[PDB]
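**Q** This is the structure, below, for whatever I ask next.
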Amino acid sequence: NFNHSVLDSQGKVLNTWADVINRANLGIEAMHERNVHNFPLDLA
Amino acid sequence: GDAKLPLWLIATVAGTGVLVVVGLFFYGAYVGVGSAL
Amino acid sequence: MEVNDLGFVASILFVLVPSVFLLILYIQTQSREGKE
Amino acid sequence: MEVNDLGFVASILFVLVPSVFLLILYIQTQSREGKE
Amino acid sequence: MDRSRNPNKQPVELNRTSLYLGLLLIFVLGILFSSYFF
Amino acid sequence: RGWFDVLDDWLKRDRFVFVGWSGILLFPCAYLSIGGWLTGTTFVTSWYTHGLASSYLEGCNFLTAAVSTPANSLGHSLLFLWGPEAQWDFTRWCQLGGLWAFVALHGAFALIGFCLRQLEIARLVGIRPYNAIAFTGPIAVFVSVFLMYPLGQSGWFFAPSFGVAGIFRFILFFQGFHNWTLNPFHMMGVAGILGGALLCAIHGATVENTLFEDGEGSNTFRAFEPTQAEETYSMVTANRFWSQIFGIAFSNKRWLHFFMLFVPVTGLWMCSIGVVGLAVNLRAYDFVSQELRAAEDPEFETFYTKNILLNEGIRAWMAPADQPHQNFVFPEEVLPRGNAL
Amino acid sequence: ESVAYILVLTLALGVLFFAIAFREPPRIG
Amino acid sequence: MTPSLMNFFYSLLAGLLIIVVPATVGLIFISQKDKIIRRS
Amino acid sequence: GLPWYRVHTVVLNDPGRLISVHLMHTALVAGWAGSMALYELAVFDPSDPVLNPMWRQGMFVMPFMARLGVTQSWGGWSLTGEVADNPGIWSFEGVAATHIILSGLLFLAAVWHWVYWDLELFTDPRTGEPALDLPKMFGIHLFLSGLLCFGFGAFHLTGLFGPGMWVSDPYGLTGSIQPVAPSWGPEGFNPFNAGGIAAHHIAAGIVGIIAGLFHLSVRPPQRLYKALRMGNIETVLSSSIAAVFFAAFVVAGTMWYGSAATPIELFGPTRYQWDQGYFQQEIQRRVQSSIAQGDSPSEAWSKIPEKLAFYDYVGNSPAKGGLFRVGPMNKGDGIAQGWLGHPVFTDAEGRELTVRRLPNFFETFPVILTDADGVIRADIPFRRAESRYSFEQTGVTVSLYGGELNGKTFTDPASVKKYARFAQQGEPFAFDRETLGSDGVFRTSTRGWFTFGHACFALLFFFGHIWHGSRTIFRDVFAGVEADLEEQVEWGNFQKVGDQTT
Amino acid sequence: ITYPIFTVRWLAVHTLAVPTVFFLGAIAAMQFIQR
Amino acid sequence: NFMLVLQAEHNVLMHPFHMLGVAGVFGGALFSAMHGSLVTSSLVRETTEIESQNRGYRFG
Amino acid sequence: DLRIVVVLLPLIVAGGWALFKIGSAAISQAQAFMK
Amino acid sequence: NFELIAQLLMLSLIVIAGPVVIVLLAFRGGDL
Amino acid sequence: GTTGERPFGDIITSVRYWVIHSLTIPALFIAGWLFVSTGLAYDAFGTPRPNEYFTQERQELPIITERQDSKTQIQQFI
Amino acid sequence: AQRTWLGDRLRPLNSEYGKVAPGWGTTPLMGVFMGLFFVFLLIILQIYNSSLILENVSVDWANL
Ligand code: CLA
Ligand code: CLA
Ligand code: CLA
Ligand code: CLA
Ligand SMILES: CC(C)=CCC/C(C)=C\CC/C(C)=C/CC/C(C)=C/CC/C(C)=C/CC/C(C)=C/CC/C(C)=C/CC/C(C)=C/CC/C(C)=C/CC1=CC(=O)C(C)=C(C)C1=O
Ligand SMILES: CCCCCCCCCCCCCCCC(=O)OC[C@H](COP(=O)(O)OC[C@@H](O)CO)OC(=O)CCCCCCCCCCCCCCC
Ligand SMILES: CC1=C(/C=C/C(C)=C/C=C/C(C)=C/C=C/C=C(C)/C=C/C=C(C)/C=C/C2=C(C)CCCC2(C)C)C(C)(C)CCC1
Ligand SMILES: CC1=C(/C=C/C(C)=C/C=C/C(C)=C/C=C/C=C(C)/C=C/C=C(C)/C=C/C2=C(C)CCCC2(C)C)C(C)(C)CCC1
Ligand SMILES: CC1=C(\C=C/C(C)=C/C=C/C(C)=C/C=C/C=C(C)/C=C/C=C(C)/C=C/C2=C(C)CCCC2(C)C)C(C)(C)CCC1
Ligand code: OEX
Ligand SMILES: [Cl-]
Ligand SMILES: [Cl-]
Ligand SMILES: [Fe+2]
C-alpha cells in the first residue's frame with residue numbers, strides 16, 4: 001500500500017492514485033460477504 | 001589508437017554504476033517526501 | 001393482440017430445417033455434375 | 001421466471017444459419033472427390 | 001441479347017477439419033451470447 | 001536523378017537504425033510521447049486537475065506516478081500549448097491537464113507512423129506483410145480506449161491516465177461504473193490473450209522438443225545454419241504427440257502460424273468494439289431477467305446479484321475521491337456498508 | 001427458456017466427440 | 001482579428017517554421033550532398 | 001478452387017457481373033429501407049406526440065426520412081401537428097412503398113447483368129481481356145455526385161422546388177418544416193446553425209462540379225499510376241472503404257454531440273443536457289421570469305409545457321440503457337402519462353433545499369439533499385445506528401408545485417422517500433408498466449443506438465482498409481515469396497535496401 | 001579500417017541518452033530533499 | 001466474483017509478482033502474433049493466386 | 001532568474017569538452033562528402 | 001552522522017573487493 | 001554482415017571514447033542535480049512545493065471549475 | 001463481345017485504359033489543394049471544439 005504516502009509538511013494527506021485505488025478497495029471490502037462479519041477486521 | 005581495454009572490466013563498473021542509481025531509489029522510498037515518515 | 005408465444009419458434013424451424021436439408025442436397029449434385 | 005420473449009428465436013438462428021452455411025460447404029467439398 | 005458460358009467461377013474447398021473449427025466457433029458464440037439474448 | 005529520387009535514395013539506405021521514408025512521421029512523434037510521457041511521470045503533475053499527487057517530484061514511487069488527464073470541467077478541447085486552453089505559457093499549460101494531450105495525439109500518430117513503417121520495409125524486402133495486419137490488434141485498442149472511449153462520454157478526465165496505477169484506477173472504474181467484466185465483447189478478448197498466451201507457449205515447447213541431431217555437442221542451438229533448407233523440427237513426431245495427448249493436432253505446419261497470428265488479433269478487435277459500447281455506456285451490466293425476483297424474492301440467491309452489489313461498493317465509495325469536480329461530499333451513512341467492517 | 005443452453009451446450013460438446021473420432025488422418029507424402 | 005484566431009494563427013506560423021522547413025531543408029540539403037552512386 | 005473467405009474474387013476479374021453484384025446489394029439495402037419503415041409504421045401510437053414522441057418508441061428509421069420535409073403519414077396525423085390535408089404521394093406509406101418497388105426494379109436489373117456479360121464495354125481495344133478505366137470513370141462518377149449535391153443544396157433545402165429540412169428552436173418546442181436560408185459567413189460553420197447545411201452542398205457541390213469537370217479532362221501521372229497501382233480494382237476499393245470510415249466517424253460524432261442536422265424532437269436529448277443541466281437551465285429560468293412578473297409558484301410552474309419537463313428526465317437521456325436491454329424506450333418506462341409537477345423540498349425550518357443529482361454514468365446514485373452552497377442537510381441513511389442527517393429527525397416536507405398533482409404536500413416521511421428518488425431523475429413522470437409489458441429499467445433512444453452502430457462499424461472498416469491496402473501494394477507477393485532472396489536481405493550489400501544495382 | 005564518427009545512429013543513440021542521464025541525475029537528487 | 005474479492009481482501013494489482021505475470025501474458029500475447037505473423041509473412045511461393053496458399057506442400 | 005544560469009553551466013561544459021578533445025577529427029569528417 | 005558513512009565505506013570497500021580478485025588474475029596471467 | 005559504420009564493441013574499446021566520457025556523463029548527471037536542488041523544476045514546471053499546497057485561505061483541494069478562461073483561476077488558486 | 005445500343009454510347013467513355021500523363025505530372029497542384037484542405041479540416045475541428053472561437057459564433061444550443 002502507498003496509502004497516505006506523500007504528505008504536506010503539515011501532515012495533511014495528499015491523494016495519489018494509490019488511495020484512489022484504496023477508495024475503490026475500501027468499498028468492495030466493506031460490501032463483500034455482507035452478513036458474516038461481526039467484528040471490525042476481516043483478517044480471517 | 002591501440003588503447004583498447006577489456007570490455008568485461010567496464011561491464012562491471014557500468015553495471016554497478018547502474019546498480020547504485022537504482023539502489024539509491026530504493027533507499028529513497030524510506031526517507032524523504034514520499035515515505036510517510 | 002394475443003398469440004401462442006411459441007409459433008414463431010415453431011414456424012421458423014418448420015420452414016427452414018427441411019429446406020436447408022433440401023438446399024444441402026442440391027449443391028452436392030452440382031459438384032458431381034462438374035466432375036471435379 | 002422472466003424472459004426476453006424472443007431470445008429463443010434469436011439464439012436458434014444465431015447458431016443454425018451460419019452452421020448450416022458451414023454444413024453446406026463441407027458436403028459441397030467432400031462430394032467432389034468420389035469418382036463420378 | 002444472346003447468352004454464353006462463363007470462363008470463371010472457381011468452386012469452394014471447405015475442408016473436413018475446417019468444418020470443425022467453424023462449427024465449434026458458432027457453438028461457443030452460441031453458449032456466450034444466448035444469456036444476453038435472454 | 002531528379003529532386004525527389006535523391007531523397008528516396010537517402011532514407012532507404014542500410015543505416016543501422018532504418019530511418020524510413022514513413023519514419024519522418026514516426027521519429028518525431030515517437031520520441032515525443034515517450035519522452036513526453038517521461039517528463040509527465042517526473043516533473044509535471046496533477047492536483048490542479050483532480051486533486052492528486054502523481055509525480056516523482058511530489059514523491060510517489062512509480063507505482064502511483066502518472067501523467068494524468070485534463071479536468072472534468074474542461075471539455076474535449078485538445079489542450080494545445082497555443083489554444084484557448086492556455087495560450088502558451090507552459091507552466092500554466094502543464095498543470096492544467098494538457099500534458100497528456102501532448103502524448104495522446106503524438107502516441108496516436110506514432111502508432112500510425114509505426115504501422116506505416118512495417119508496411120514500408122515489407123515492400124523493400126518484398127515480404128507480404130501481416131505484421132501491419134497484426135498491428136490492427138494494437139492500434140484498435142489505443143484509438144478505442146485512449147481516444148474513442150472519452151469522446152462518447154464527457155471530456156478527457158474520464159480517459160485513462162498514463163501510468164501503471166493510472167491504468168489501475170481505470171480498471172476499477174470499469175468494474176464499478178460499467179461492469180466491463182461479463183459483457184461478451186470483453187470476454188472474447190480474454191479468450192484472445194490467454195488463448196494467445198498458450199499458442200506461443202505450446203508452440204515454443206514442441207520446437208524445443210522435436211530436434212534433429214545436426215550438432216554433436218550437447219546444447220541444441222549450436223550448428224543450426226541460417227542458410228539451411230532442411231527443417232529443424234519434426235512435425236511428424238509432433239503431430240503424433242498431440243494426436244494422442246490432446247486428441248487433436250495441427251496436421252500441417254502452416255496454419256499453425258496463421259492461428260498464432262489470428263488468435264490474439266481477433267481477441268483485441270472484439271475487445272475493441274466493447275468499449276465503444278462503453279463509450280456511449282451501453283454497458284450490459286443489467287440482465288433483463290434475474291432482477292425482478294431479486295426484487296420480489298429474497299429466496300432467489302445467486303452470484304450475479306452478489307456481484308452487482310459489489311459494484312455499488314465502487315460507485316459510492318471512490319467517486320467522491322476519484323472525481324472532485326462535482327464536489328460530491330458524503331455524510332458517511334449514505335455509503336453502502338455491509339456490516340461491522 | 002432454460003433449455004436453450006443445454007441444447008447448444010451439448011452441440012458444443014458433441015463436436016468435441018466428432019473431432020476425436022472422425023478427424024482427417026494426416027498421411028505423409 | 002480575434003484573440004483565439006491569432007493564437008491559432010501563430011501556430012500555423014510556428015508549426016510551419018519549426019517543424020516543416022527544418023525537415024525539408026534538413027533532409028534535401030544533406031541527401032543532395034551524399035548522392036548515391038549508380039555506376040557501380 | 002478457393003476458400004470460403006475468398007468467394008467473391010470471381011467478380012474481381014470480370015466487371016460484367018460486378019455491376020450485378022452491387023445491384024442485388026443495392027436492392028437489398030433499398031429493400032431494407034422500405035421493409036423496415038413499413039414495419040416501423042405498424043407500431044407508432046400517434047395519439048400523443050408531446051408525451052411519447054417518435055424517438056421514445058425506439059424508432060430508428062423514421063427520423064431520417066422525416067428530417068427533410070416529409071410528414072404526411074396517410075392517416076392524416078401529421079408529424080408536426082399541422083397536417084393540413086391529404087399529404088399527397090409523399091407520406092411515409094409511399095416513400096416506404098417506393099423503396100419496395102425500386103428495390104424490385106433494382107433486383108430485376110440485378111439479374112440482367114449476371115446472365116449477360118461481355119457487352120463490348122468492359123474490354124480494352126488493345127486485347128480482349130476484361131479491364132475498365134478507373135480514373136476517367138471517377139471523373140464521371142463524381143460529376144454526377146457534384147450535380148446531385150448542388151441539386152441537394154439549392155434545389156431542395158432552400159424552398160426552390162422542394163420543402164426544407166427540419167429546424168426547431170433551441171429548447172425544442174415548435175420544430176416544424178420551413179425552408180432554411182443558406183448562410184454563407186462563418187456563422188454557417190458551427191453545426192447548430194442550419195444555414196450552413198443549406199450552404200454546404202451548394203459550395204461543396206460547386207467544387208464537386210469543378211472537380212469532376214477537371215477530372216474528366218486530365219490523366220494521372222505515371223509517378224502516381226505505378227505508385228498507387230491505379231489500374232487495379234482492389235486499390236480503389238481500399239480507398240473507398242478508408243474514406244467511408246472517415247465519413248462514419250463524423251456522424252458517429254455529430255449525432256452524439258448534436259447539431260442542427262440532429263434536432264431534439266426526432267432524436268431526443270443528446271446526453272450533454274445533464275452534464276451542464278441544459279434543460280434545467282430553462283425551466284428554472286422561466287419560473288424566475290414568472291416571479292419577476294410577480295406570480296405565485298403554485299399557479300406558476302404551469303406555463304411550462306410538459307415537453308420541457310420531458311427533456312429534463314434521466315429516462316430520456318441516451319446514456320442509460322445497456323447493450324442487451326433490448327427494445328424501445330417504452331419498454332423501459334411505459335407510456336408517459338403526466339408531469340405531476342416539480343418537487344420542492346423544505347425542512348421544518350426554511351432552509352430550502354433541493355435534489356439535482358444522478359449523473360449519467362452512474363446506475364444507483366445515493367440520495368443526498370443539500371442547500372444552496374453545498375452542505376448536506378438530508379440523505380437516506382444506509383445504516384440507522386448513528387444517523388444524524390436522516391429524513392425523520394429533520395422532518396423534511398415536499399412541496400409539489402405545478403403539473404398534475406399540484407399543491408399536494410407530503411409530511412409523512414414514508415412517502416418522501418418515493419419523491420426523493422423521483423427528484424433524482426429531474427422531474428418525475430407518471431407511467432403505466434402493464435400495457436406494453438415494460439419491466440422498469442432504462443433503455444436508450446435512437447440517438448444512442450446510431451452512434452454505437454456507426455463507431456463500432458467504423459472500427460471494423462478501418463481493418464478492411466489496412467487489409468485491402470496491403471493487398472493492392474502487395475499483389476505480386478501475395479501467394480508467397482520468391483524462393484531464396486538472400487542477397488537482398490543480407491547487410492552491407494550494396495547499397496540501399498531493395499535496389500539491385502548496389 | 002576507418003569509420004565515420006557522426007552518423008544517423010550517433011543522433012539516434014544520444015537522443016534518449018542525453019535526456020536519460022540528465023533525468024537520472026534529476027531523480028537521484030530528489031530523494032535527498034525532504035518535506 | 002472471486003477476483004473482486006481478492007482485489008478487496010488483499011489487493012492484487014499493486015503486487016509485482018502479479019505484475020510479472022501479465023508481462024509474461026501480454027508478452028505472450030504479442031509473441032504469438034509476432035512469431036506467428038512473420039513466418040506467415042515470409043512464406044515462399046508454391047501455389048497460384050486462386051487457391052489457398054496453405055496448400056502447395058505436403059505434411060511432413 | 002539567476003538559477004537558470006547555474007543549471008546550464010554543466011550543459012555548456014558538456015559541449016565545451018566536446019570542442020577540444022575530438023573536434024579536430026570532426027572538421028575532417030565535415031570535410032567529407034565534398035561539402 | 002559518523003557511523004553511517006563508515007557503513008557505506010564498508011559497502012564501497014567490499015563490493016569492488018570482489019572483481020579485484022578477477023582483474024588481478026586476468027592481468028598477471030593466472031589461469032582463470 | 002557489415003553496415004558501414006563502427007561497431008559498438010569497437011567504440012567502447014577505444015580510449016578516445018572515455019576521455020570524452022570521464023567529464024561528460026557526470027557533467028550531465030550533475031546538471032540534473034541542480035534542476036531540483038535549486039528548485040527550478042518547481043518554478044518552470046508546474047509542481048507545487050511540499051509546503052505550498054494549502055494556504056490559510058484555501059484548504060478545499062483545488063480543481064479547475066471552468067474550461068473557458070482557465071488562467072486567472074490558477075493565479076487565484078496561487 | 002456483344003454490341004448493344006447502350007454499349008455503343010459508352011465505349012468512347014471506356015475506349016482507353018492505360019493512357020497516362022507524363023512523368024511526375026500535376027502532382028503539386030494536387031499537393032497544394034491537399035494542404036489547403038488539411039488546413040480547412042484543422043479550422044473546422046477547432047470551430048467545433050471552441051478553441052478557435054470567434055465573435056458571434058457561439059457553438060452552443062442557441063442557434064437557428
Ligand atoms: C484473465 C485476465 C484477463 C485478460 C487476459 C484480459 C485481457 C485483456 N484486457 Mg482485461 N480485464 C480483466 C481481466 C483480463 N483481461 C479484468 C478482471 C478487468 C477488470 C474488470 C479487466 C479490465 C480491462 C480494461 C478496462 C481493458 C481491458 C483490456 C484488455 C485487453 C488488453 C489490451 C492490450 O493489451 O492493449 C495494450 C495496449 C496497446 C496495444 C496500446 C498501444 C501501446 C503500444 C503497443 C506500446 C508502446 C510501446 C512503447 C515503446 C512504450 C513502452 C515504454 C514504456 C515502458 C515507457 C485484453 C483483451 C482493454 C481492452 O479490451 O480494450 C480494447 C481495456 O481497455 N481489460
Ligand atoms: C466496402 C466493404 C467491403 C468490400 C466490398 C469487401 C470486399 C472483399 N473483401 Mg473485405 N473487408 C471489409 C470490407 C469490405 N470487403 C471490412 C470492413 C473488413 C474488416 C472486417 C474486411 C476484411 C476482409 C478480409 C479479412 C478478407 C476480405 C476479403 C474480401 C474479398 C472477398 C470477400 C469474400 O469472399 O467474403 C465472403 C464472405 C462470406 C462468405 C461470409 C463472411 C461472414 C460475414 C461475417 C457475414 C456478414 C454478416 C452480414 C451478412 C453482413 C452485414 C454487415 C454489413 C451491413 C456491413 C472482397 C474483394 C478477403 C480477401 O482478401 O479476398 C481478396 C479476405 O480474406 N475482407
Ligand atoms: C445500424 C443499424 C441499426 C440501428 C441503430 C438499430 C437500432 C434499433 N433497432 Mg434495428 N434493425 C437493423 C439495424 C439497426 N437497428 C437491421 C439491419 C434490422 C433488420 C434485421 C433491424 C430490425 C429491427 C427490428 C425488427 C426491431 C429493431 C428495433 C431497434 C431498436 C431497439 C434496440 C435494439 O434492438 O438493439 C439491440 C441490439 C443488440 C442486442 C446488439 C446486437 C449485437 C450483435 C449481436 C453483436 C454481434 C457480434 C458478432 C456475432 C461477433 C462476431 C464474431 C467474431 C468471430 C468476428 C433500436 C433503435 C426494435 C424497435 O424498436 O422497433 C420497433 C425492433 O422491434 N430493429
Ligand atoms: C494506422 C493507420 C493507418 C495505416 C497503417 C494506413 C496504411 C495505408 N494507407 Mg491509410 N489512412 C488512415 C490510416 C492508416 N492508413 C486514416 C486514418 C485515413 C483517413 C481516413 C487514411 C486514408 C488513406 C487514403 C485516402 C489512402 C490511404 C492509403 C494507405 C496505404 C499506403 C500508404 C499511405 O499513403 O499512407 C497514407 C498516410 C497516412 C494516413 C498518414 C497520415 C499522417 C498525416 C499526413 C499527418 C497529419 C498530422 C497533423 C499535423 C495533425 C493533425 C491532426 C490533429 C488535429 C490531431 C497504406 C495501406 C492509400 C491506399 O489505399 O493505397 C493505395 C490511400 O489512397 N490511407
Ligand atoms: C455443463 C458444462 C459442460 C458447462 C460448461 C459451460 C462453462 C462453465 C464454460 C464454457 C463456456 C465457454 C467455452 C465460454 C468461452 C466463450 C468464448 C469466449 C469463446 C471464444 C469465442 C471468440 C469469438 C473468441 C475470440 C478469440 C478467439 C478466436 C479465441 C479462440 C481460442 C482458441 C481456439 C484457443 C486455442 C487454445 C488451444 C487448444 C491451444 C492449443 C493448440 C494446439 C492443440 C496445439 C498443438 C500443437 C502444437 C505444436 O507445437 C505442434 C508442432 C503441433 C503439430 C500441434 O498440433
Ligand atoms: C484427456 C484426453 C482427451 C482430451 C479431451 C478434450 C480434447 C478436446 C480437443 C478439442 C477438439 C477439437 C477442436 C478443434 C477442431 C479441430 O478439428 O481442430 C483441428 C486443428 C488442426 O487442423 P489441421 O492442422 O488438420 O488443419 C488442416 C488445414 O488444411 C486447415 O484446414 O487443430 C487446432 O487448430 C487446435 C486449435 C483449436 C482447438 C480448440 C479447442 C477447444 C476446446 C473446447 C472448447 C469448447 C468446449 C465447450 C464446452 C462448453
Ligand atoms: C514535453 C516536451 C518536450 C519534450 C521533452 C523530451 C522529449 C524529453 C525527453 C525525455 C526522455 C527521453 C527521458 C527519458 C527518461 C528515462 C528514464 C528516466 C529512465 C530511467 C530508467 C531506469 C531507472 C531503469 C533502469 C533499469 C533497471 C531498473 C534494471 C534493468 C536495467 C534498466 C536500465 C532498464 C519539449 C521540451 C522538447 C517541448 C515541449 C514538449
Ligand atoms: C420482384 C419485384 C417486386 C418485389 C420486390 C420485393 C418484395 C423486394 C423485397 C425486398 C426486401 C424484403 C428487402 C428487405 C431486406 C432485408 C434485409 C436485407 C435485412 C438484412 C438484415 C441484416 C443485414 C441484419 C444483420 C444483423 C443481424 C443479423 C442482427 C443485428 C445486427 C446485424 C446488423 C449484424 C415488385 C412486385 C415490387 C415489383 C416487381 C419486381
Ligand atoms: C441478385 C442475384 C444474385 C445474388 C444473389 C444473392 C447471393 C443474394 C443474397 C441475398 C441475401 C444474403 C439476402 C439476405 C437477406 C437478409 C435476410 C433474409 C435476413 C433477415 C433477418 C432477420 C429479420 C433476422 C432476425 C430477427 C428475427 C426474424 C427475430 C428476432 C429479431 C431479428 C430482427 C433479429 C446474382 C447476382 C448472383 C444473380 C442471381 C440473382
Ligand atoms: O470471506 Mn471470502 O474473503 Ca478474501 O478476505 Mn478475509 O475473508 Mn472475506 O475477507 Mn476480505
Ligand atoms: Cl459478497
Ligand atoms: Cl467478524
Ligand atoms: Fe515452428
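Chain lettering (A, B, ...) mirrors the order of the C-alpha cells, residue numbering begins at 1 for each chain separately, and ligand numbering begins at 1 in order of display.
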Please provide the set of residues having any atom within 9 Å of residue B:29, restricted to only C-alpha atoms, with same-chain residues fewer than 2 positions apart removed, written as a VMD selection string.
**A** (chain B and resid 25 to 27 31 to 35) or (chain F and resid 59 to 61) or (chain J and resid 31)
**Q** Keeping N, CA and C atoms, export the residues of the selection given above as a PDB file, in the first residue's frame.
**A**
```
ATOM      1  N   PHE B  25      17.358   4.585  -5.351  1.00  0.00           N
ATOM      2  CA  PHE B  25      15.929   4.863  -5.434  1.00  0.00           C
ATOM      3  C   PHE B  25      15.167   4.073  -4.385  1.00  0.00           C
ATOM      4  N   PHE B  26      15.589   2.834  -4.135  1.00  0.00           N
ATOM      5  CA  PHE B  26      15.012   2.034  -3.066  1.00  0.00           C
ATOM      6  C   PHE B  26      15.486   2.474  -1.692  1.00  0.00           C
ATOM      7  N   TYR B  27      16.553   3.267  -1.617  1.00  0.00           N
ATOM      8  CA  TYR B  27      16.821   4.000  -0.392  1.00  0.00           C
ATOM      9  C   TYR B  27      15.840   5.147  -0.234  1.00  0.00           C
ATOM     10  N   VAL B  31      13.184   7.302   3.242  1.00  0.00           N
ATOM     11  CA  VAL B  31      13.303   8.631   3.825  1.00  0.00           C
ATOM     12  C   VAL B  31      13.027   9.628   2.706  1.00  0.00           C
ATOM     13  N   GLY B  32      12.337  10.712   3.034  1.00  0.00           N
ATOM     14  CA  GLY B  32      12.065  11.703   2.023  1.00  0.00           C
ATOM     15  C   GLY B  32      10.613  12.101   2.024  1.00  0.00           C
ATOM     16  N   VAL B  33      10.165  12.600   0.874  1.00  0.00           N
ATOM     17  CA  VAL B  33       8.875  13.269   0.806  1.00  0.00           C
ATOM     18  C   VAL B  33       7.741  12.271   0.552  1.00  0.00           C
ATOM     19  N   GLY B  34       8.050  11.070   0.082  1.00  0.00           N
ATOM     20  CA  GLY B  34       7.025  10.082  -0.164  1.00  0.00           C
ATOM     21  C   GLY B  34       6.974   8.948   0.826  1.00  0.00           C
ATOM     22  N   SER B  35       7.744   9.021   1.905  1.00  0.00           N
ATOM     23  CA  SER B  35       7.972   7.860   2.747  1.00  0.00           C
ATOM     24  C   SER B  35       6.913   7.658   3.812  1.00  0.00           C
TER      25      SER B  35
ATOM     26  N   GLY F  59       6.641  12.869  -5.031  1.00  0.00           N
ATOM     27  CA  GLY F  59       7.342  11.792  -4.368  1.00  0.00           C
ATOM     28  C   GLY F  59       6.708  10.420  -4.373  1.00  0.00           C
ATOM     29  N   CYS F  60       5.845  10.118  -5.328  1.00  0.00           N
ATOM     30  CA  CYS F  60       5.248   8.797  -5.342  1.00  0.00           C
ATOM     31  C   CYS F  60       6.113   7.860  -6.173  1.00  0.00           C
ATOM     32  N   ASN F  61       6.362   6.663  -5.645  1.00  0.00           N
ATOM     33  CA  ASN F  61       7.451   5.813  -6.130  1.00  0.00           C
ATOM     34  C   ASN F  61       6.997   4.901  -7.266  1.00  0.00           C
TER      35      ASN F  61
ATOM     36  N   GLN J  31      15.473  12.383  -3.985  1.00  0.00           N
ATOM     37  CA  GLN J  31      15.258  11.657  -2.745  1.00  0.00           C
ATOM     38  C   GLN J  31      16.042  12.238  -1.584  1.00  0.00           C
TER      39      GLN J  31
END
```
**Q** Since chain D and chain C share a sequence, can you fit the second onto the first over all C-alpha atoms in order and output it as a compact mmCIF listing (two decimals) with N, CA and C atoms, in the first residue's frame?
**A**
```txt
# COMPACT_ATOMS: atom_id res chain seq x y z
N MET C 1 -40.52 -16.90 -13.95
CA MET C 1 -39.20 -16.37 -14.29
C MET C 1 -39.25 -15.54 -15.56
N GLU C 2 -38.70 -14.33 -15.47
CA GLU C 2 -38.72 -13.40 -16.59
C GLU C 2 -37.75 -13.80 -17.69
N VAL C 3 -38.12 -13.44 -18.92
CA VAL C 3 -37.34 -13.71 -20.12
C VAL C 3 -37.69 -12.67 -21.18
N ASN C 4 -36.78 -12.48 -22.13
CA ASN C 4 -36.83 -11.43 -23.13
C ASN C 4 -37.84 -11.70 -24.25
N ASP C 5 -38.52 -12.86 -24.22
CA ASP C 5 -39.60 -13.32 -25.11
C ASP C 5 -39.17 -13.59 -26.56
N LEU C 6 -37.92 -13.29 -26.92
CA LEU C 6 -37.52 -13.42 -28.32
C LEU C 6 -36.09 -13.92 -28.48
N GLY C 7 -35.38 -14.24 -27.40
CA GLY C 7 -34.05 -14.78 -27.54
C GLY C 7 -34.02 -16.20 -28.05
N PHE C 8 -35.07 -16.97 -27.79
CA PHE C 8 -35.13 -18.33 -28.29
C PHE C 8 -35.39 -18.38 -29.79
N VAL C 9 -36.01 -17.34 -30.35
CA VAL C 9 -35.94 -17.14 -31.79
C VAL C 9 -34.54 -16.71 -32.20
N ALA C 10 -33.94 -15.79 -31.45
CA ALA C 10 -32.65 -15.20 -31.80
C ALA C 10 -31.51 -16.19 -31.65
N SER C 11 -31.42 -16.86 -30.51
CA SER C 11 -30.39 -17.88 -30.34
C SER C 11 -30.90 -19.27 -30.72
N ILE C 12 -31.53 -19.37 -31.88
CA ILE C 12 -31.67 -20.66 -32.53
C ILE C 12 -31.42 -20.40 -34.01
N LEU C 13 -31.48 -19.13 -34.39
CA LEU C 13 -31.04 -18.75 -35.72
C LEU C 13 -29.61 -18.26 -35.72
N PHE C 14 -29.11 -17.83 -34.56
CA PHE C 14 -27.71 -17.50 -34.44
C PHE C 14 -26.83 -18.74 -34.50
N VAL C 15 -27.34 -19.89 -34.05
CA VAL C 15 -26.53 -21.09 -34.04
C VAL C 15 -26.73 -21.92 -35.30
N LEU C 16 -27.90 -21.85 -35.95
CA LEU C 16 -28.17 -22.81 -37.01
C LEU C 16 -27.72 -22.27 -38.35
N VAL C 17 -28.24 -21.12 -38.77
CA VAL C 17 -28.05 -20.60 -40.13
C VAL C 17 -26.60 -20.27 -40.51
N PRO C 18 -25.59 -20.06 -39.59
CA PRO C 18 -24.22 -20.20 -40.09
C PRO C 18 -23.70 -21.63 -40.07
N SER C 19 -24.25 -22.50 -39.22
CA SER C 19 -23.72 -23.86 -39.17
C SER C 19 -24.25 -24.71 -40.32
N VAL C 20 -25.52 -24.54 -40.70
CA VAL C 20 -26.00 -25.19 -41.92
C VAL C 20 -25.50 -24.49 -43.18
N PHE C 21 -25.00 -23.26 -43.07
CA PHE C 21 -24.17 -22.75 -44.14
C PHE C 21 -22.88 -23.55 -44.21
N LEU C 22 -22.28 -23.82 -43.05
CA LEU C 22 -21.03 -24.56 -43.00
C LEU C 22 -21.25 -26.02 -43.33
N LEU C 23 -22.42 -26.55 -42.96
CA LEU C 23 -22.76 -27.93 -43.27
C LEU C 23 -23.15 -28.11 -44.72
N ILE C 24 -23.50 -27.03 -45.42
CA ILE C 24 -23.68 -27.12 -46.86
C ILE C 24 -22.33 -27.32 -47.54
N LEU C 25 -21.32 -26.58 -47.10
CA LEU C 25 -20.07 -26.51 -47.83
C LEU C 25 -19.17 -27.71 -47.61
N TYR C 26 -19.36 -28.46 -46.53
CA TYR C 26 -18.60 -29.69 -46.38
C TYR C 26 -19.13 -30.77 -47.31
N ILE C 27 -20.43 -30.93 -47.49
CA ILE C 27 -20.86 -32.04 -48.37
C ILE C 27 -20.36 -31.97 -49.84
N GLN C 28 -20.35 -30.75 -50.38
CA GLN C 28 -19.93 -30.53 -51.77
C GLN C 28 -18.49 -30.98 -51.99
N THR C 29 -17.63 -30.69 -51.02
CA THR C 29 -16.24 -31.11 -51.10
C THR C 29 -16.15 -32.63 -51.14
N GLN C 30 -16.97 -33.32 -50.35
CA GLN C 30 -16.94 -34.78 -50.36
C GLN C 30 -17.31 -35.30 -51.75
N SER C 31 -18.32 -34.70 -52.38
CA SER C 31 -18.68 -35.17 -53.73
C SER C 31 -17.52 -34.95 -54.73
N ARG C 32 -16.88 -33.80 -54.59
CA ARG C 32 -15.74 -33.47 -55.46
C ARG C 32 -14.60 -34.47 -55.25
N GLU C 33 -14.37 -34.86 -54.00
CA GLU C 33 -13.35 -35.84 -53.65
C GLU C 33 -13.66 -37.19 -54.28
N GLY C 34 -14.94 -37.54 -54.28
CA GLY C 34 -15.39 -38.78 -54.89
C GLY C 34 -15.07 -38.84 -56.37
N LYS C 35 -15.22 -37.70 -57.07
CA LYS C 35 -14.90 -37.46 -58.54
C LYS C 35 -16.06 -37.77 -59.50
N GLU C 36 -16.94 -38.62 -59.00
CA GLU C 36 -18.27 -38.84 -59.55
C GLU C 36 -18.37 -38.22 -60.93
```
**Q** Give the residue list for ligand 3 at 7 Å, counting only C-alpha atoms and all ligand atoms, as a list in words, sorted by chain and then by residue number.
**A**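 Counting only what the definition allows, namely only C-alpha atoms and all ligand atoms, the set is residues 37 of chain E; 270 of chain F; 36, 40, 43, 57, 58, 59, 60, 323, 324, 326, 327, 328, 445, 446, 449, 450, 453 and 454 of chain I.
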